[PDB]
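Working notes, beginning with the structure itself.
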Amino acid sequence: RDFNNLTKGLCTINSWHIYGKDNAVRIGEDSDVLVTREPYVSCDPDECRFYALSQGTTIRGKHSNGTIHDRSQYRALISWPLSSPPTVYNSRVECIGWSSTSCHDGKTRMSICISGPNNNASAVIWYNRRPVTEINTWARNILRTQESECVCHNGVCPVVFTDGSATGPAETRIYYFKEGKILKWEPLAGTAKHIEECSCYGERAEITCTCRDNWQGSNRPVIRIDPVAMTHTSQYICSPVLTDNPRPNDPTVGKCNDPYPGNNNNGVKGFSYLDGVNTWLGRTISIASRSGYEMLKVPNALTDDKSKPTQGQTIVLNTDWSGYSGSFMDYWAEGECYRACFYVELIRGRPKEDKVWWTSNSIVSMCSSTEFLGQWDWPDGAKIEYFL
Amino acid sequence: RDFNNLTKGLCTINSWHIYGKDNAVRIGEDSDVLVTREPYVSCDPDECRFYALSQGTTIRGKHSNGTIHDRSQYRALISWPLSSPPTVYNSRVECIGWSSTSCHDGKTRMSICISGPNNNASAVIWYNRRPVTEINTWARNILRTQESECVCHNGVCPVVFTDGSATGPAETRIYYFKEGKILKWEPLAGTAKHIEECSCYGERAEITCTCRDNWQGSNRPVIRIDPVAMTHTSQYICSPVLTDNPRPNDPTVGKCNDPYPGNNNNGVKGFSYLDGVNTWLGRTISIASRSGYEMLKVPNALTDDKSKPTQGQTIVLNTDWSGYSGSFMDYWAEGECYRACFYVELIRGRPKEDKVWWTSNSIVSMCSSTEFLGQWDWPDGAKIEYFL
Amino acid sequence: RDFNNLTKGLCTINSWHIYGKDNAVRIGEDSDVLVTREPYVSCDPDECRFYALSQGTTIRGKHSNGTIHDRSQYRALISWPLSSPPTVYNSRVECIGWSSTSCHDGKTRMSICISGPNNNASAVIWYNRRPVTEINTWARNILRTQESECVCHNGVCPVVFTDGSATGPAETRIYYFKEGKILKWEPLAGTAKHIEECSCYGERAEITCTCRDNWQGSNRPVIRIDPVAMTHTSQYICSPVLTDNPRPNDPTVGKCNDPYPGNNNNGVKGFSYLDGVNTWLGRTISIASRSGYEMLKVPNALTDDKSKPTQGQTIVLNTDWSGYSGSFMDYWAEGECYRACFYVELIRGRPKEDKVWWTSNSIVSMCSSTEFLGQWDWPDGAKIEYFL
Amino acid sequence: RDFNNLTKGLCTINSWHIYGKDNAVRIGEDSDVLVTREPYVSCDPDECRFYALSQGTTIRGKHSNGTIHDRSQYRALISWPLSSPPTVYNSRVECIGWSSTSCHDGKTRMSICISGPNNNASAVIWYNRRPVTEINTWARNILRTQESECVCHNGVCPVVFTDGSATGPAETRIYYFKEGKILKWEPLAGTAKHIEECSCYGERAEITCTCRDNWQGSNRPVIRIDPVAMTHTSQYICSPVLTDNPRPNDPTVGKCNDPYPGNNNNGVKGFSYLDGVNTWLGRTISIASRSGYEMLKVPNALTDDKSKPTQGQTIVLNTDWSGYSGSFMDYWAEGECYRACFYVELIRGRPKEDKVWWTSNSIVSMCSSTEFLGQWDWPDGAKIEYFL
């Protein structure tokens, strides 16, 4: 095997088709399905899999009580076959912790998990299913990372981490790994003012990450990485189609180099594909809660501070719960272009559905089509009343 | 691996032997078995597997209520090891949707699933476990396909689809795929007046499909495809041994080029092997309901409008529930001829057994013998009372 | 891979060591374990596995009621990893039916299952996981076979079948298979008067089978097969150490060429290793019921009508239930000799424990040591009261 | 594959990072998790796995009552994927018995299990998943072994066994195996006065084992083995940092060549890494019970009878239950040095938590870092009240 190189551009996105769906909450009402959150999707050269952070309990188990909580000793990054649910019996543990990323370089997989108390967390970088490198907290305040796949180019896999406040300036670092070893790291540069939970993809030897400015911004920060020079830039999505949550209503003109104000100290992981006229943004439909999900075609969203939608697709109705969303691609597919994909975490239970004592999710995932396909909506599909 | 070519003829069918049986409803009374319907069987060069459309719930799960319904967002094409039941833990998702087909070309597998609302459905064609092509609805009325295996010849895998009314003329198309890409498609030609749910097999470079005329016919339409020329014909089975369900009583003379009347706007998926004197037709025993199943040797059924049985075999007694049936063969077996096989879906629950709130099925499957073997009957075997 | 040849002799048996044990009834009290009976063990070149006839239900499932019955449509030959229990999720179906045998020839595996009603049963011979040959009943009275592994030599795998009465003369045939095809068959010859359920092993190009004379004999019939000439002989074990069950008390002098009388129309599958002074016989400890199990070293048991034990080993105490027993060896092990192995079926439930409505079993298995090892007893270990 | 040679030294241990954790008791509250105890970890060239002795029952099963007991016929050595729990469906049985060790030699795995009654136990040595050698009890008093991995060098895998009293002099033997065959054995020599449950690791062609002196010592005995000469020495850890349990309080000066007194006839399996200044000792925090766990850096612990800690790391708080602990390394990792690892058995249930009727455990495991990482504590995490 050789290292994968990002030699292709994105395919033209004219609509989205269903890729995978696990129905995990429905199925786990009467089967041994692990409680999860913070899911994602990532491909190897011969398989694509679902990933998430387990809570170390099944959803029917009594230990599901309290699973709203973000960072226990009972969490782990798990992976499982595409569109199956994350069960006790089919889930492979990648590493232990409560914040993660993972990516394949074409030869083997790197997985990273962070664990520890808030003031003393540490990352362990696994490569080829073995621990290789460890990184201690630098700011002593919830060292944390992407919660979706990283991207590699000629063996170099950049990863974005943040340590520090969620409600003020923090210390974001871009690490450049190869074979699980640190080649370099850099502090965040550019105009993004706060970074969390980056969702990344690669095309034509560039990695684009769309992140969460938890502190101030309802527009999303964007980091663009050159994995050969091992350098980066940052800015925000200029468009007035705002894509964090909660958020104010859409204005007429956005902000390219500062957070678009109105909502502080909150957010949701999300994503975009930023490719000129071939630009699509994901967002929750609700401005107030993690409800609904839609894709909007917003030509030149990155650079045009008045750009508005020219096409769209509903993924989850506003009467259904959504959650985190992120990017991935099958870098090992056939053909001349990389097909954009994404997933949406469909969160069930607390805090929105507090008649149960747990929080979990299922997954839906879509990839782009060059056709203009009809649209459906893709809810989680479980009935909370069945769990009472 | 090279593409498989249909170089052999059918083996002489002198009886049927048991091939597989999953006992899924019996077992799922106390294990984590998925609710399914629309099953089939399909072989790879090194394994044969069971397939079906999951309902995204176990049979004991509370989400089994409502599984009579045909087309939710919680359905998927799954496959699992031959004669095991479709469990949460052993079922592999092939694609997401509520109508499917799948076949191996000798190199790798093509799977197709259709999803969406009734007026906006779309097919995704997967090849080598990756999405490759997408097809939007052309008639905006429940785009739908075979619900059993497709057949390939030198890489060309024809698939029959229908979009449009179930109770009048519809728009049937034969697509010719290779490596998941569309080489060509054609509209239905010939004398079949309505086509659904084709059951296909190949021999000597010809693919024969026996389908369901839902609108008018109690005889079955037959499509015969030349996968090299990428052309086809259609007609009906001429025989007065009528094989849809519900149906009128058997007459003395059938119809070769039009639907045999008596029953409108209903049917069941079924199959036949049409090979001169070596012709066998499957059918439900009941003329009114999906009850019983039998194979009848009807020499020259395709072409002889007075042909009657010369031999038969009971598969399921008329006091037991049956369901869909379809053809498959192990194109990669040893020997000089292809051994005809079929499966019968044994539907349990609604609507016939409405003391439970679910609908599911198990599978029985048989292949031909050149011996004249004794016959048994093969019921599902579950006791509905245990589920109350 | 080449076909395995029986080139080695037996290792010297000085005691028995534990080889495998599945604890299936204990575990299945609270897990998804299939109801089974008629187990055995058989090796491939790279793995050894447990085998049995499933009943198509879990032990806690409501469909376990009635599993005393021998021959339903819901039975199948399954295999699973050595010493795991036969679960819904780990059991591989080999073929469908209610009487079986299986063996590896060094290249791939042959499995045979018989199904059907009592007057119309048929065997299907699978090779390389595909059906190849079928054999119809010849006597119309419960066609039946070994219920333990067959043995192959240079691709030729003999199998013993019986069709006909269990309580009078029957029609026993030795079939010689190669690649799942029939090379030859012969009717039973020699002095054995009734044959069922042969337990076989091979050494130095000879296959020895120890069987059950259900009709008359409390000594066991022995068939010795030359798999090159494809010929055989039969006789009884001469020893007065009688090894069927139920049986009369041991006499002083046995019978070499006729059934030793006292018990009619009953028996149990069992085994022996017949190798001159290196001869060991298995038997139940009880003369009346399938209780206890012991191995007795009986030099020249086959040929010496006064031979008595010179050594022994208790396997299951007389206060614990036993059941069928049979021979197997790992023909692909390292070293200069074949190590004798056996299993004992530990039957729980009906008819002896009729407070439950099911019948199932677990497995214990042992192989020979050249050491004189200490002995333990190996009960099933489940508590029936837990199942009430 | 070639046999692995111990060519590297230990990496510098500056802290410990999380390696694996199975959360088995939490998960098994509502899934089919086997009852276990005496766990460990061991690597193959391509995978690392968890190991333990099953009790042949699930934790929710009724047969969990009585699982405090050490030595039944229902125990087996099982292995399962790293950080998954030991389930019915994912656990591979290595051999049958109630005392074990296992190690890979670079070509394949040797596993050893001991079974039998107290006065008649026997070891079976498996190699390449087949039984090869058997060893009978020599002292007729609970033949027993390491309960963690063995270590191999150029195919020679030494294993320490003891037979005899737990409360006085016993007969300890070091066996030197190759390909599952006995090359040599030696009686214990040196100054250790009683040996049980050795925890071993290898570096620079030497194997170091830290054991349990059940009879007298609260310091731990150490055996150092030359696997080329097939010779050994023994002594105690000199340090006054005492590491058995129960134990007296730490003194100022320890004992190098005799047991440090204060506690008789009890102990716990434990471990150390003894490498000059790079020396780390594990121990329970409590002096009275199997509570808490910590690692202490004790330069020259082996040889310096006044050595005290210079650094430490808490692994399990003193308010949480611990248990056995042992060493392992991934001898097949990349890089220039072997990374020290260990596990801690987190025992739940009897005797400390006697509101339940079972005894089981989960696993936590850590490996060394050259960084000075922040520390967390890693409890089992189950709530006993949920099991009532």
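Every chain is named by a letter (A, B, C and D) in the order it is written, and numbering of its residues begins at 1.
The rule is simple: contacts are C-beta pairs under 8 Å (C-beta built on N, C-alpha and C of every residue); 3 or more make two chains touch, one makes a residue touch a chain.
Heads up on the chains, UniProt names are A, B, C, D = Neuraminidase.
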| Whole-Å gap between the CA centroids of subunit B (Neuraminidase) and subunit C (Neuraminidase) | 40
| request: Provide the C-alpha centroid distance between subunit B (Neuraminidase) and subunit D (Neuraminidase), rounded to the nearest whole angstrom. | output: 57
| message | Residues touching two or more other chains, restricted to subunit B (Neuraminidase): which are they? | response | 32, 89
| message | Chain contact topology under the given definition, line, ring, star, complete or other? | response | ring
| message | With touch defined as at the top, which chains are paired up in contact here? | response | A-B, A-D, B-C, C-D
| field | Touching residues on subunit C (Neuraminidase), where the partner in the complex is subunit D (Neuraminidase) | value | 17-21, 23, 26-27, 29-33, 47-48, 81-85, 87, 89-90, 330, 333-335, 339, 367, 369-379, 381-383, 386
| Which subunit C (Neuraminidase) residues qualify as touching subunit B (Neuraminidase) in the complex? | 32, 34, 56-58, 60-63, 72-74, 76, 88-89, 91-93, 95-97, 115-117, 119-122, 124, 128-132, 134-137, 179
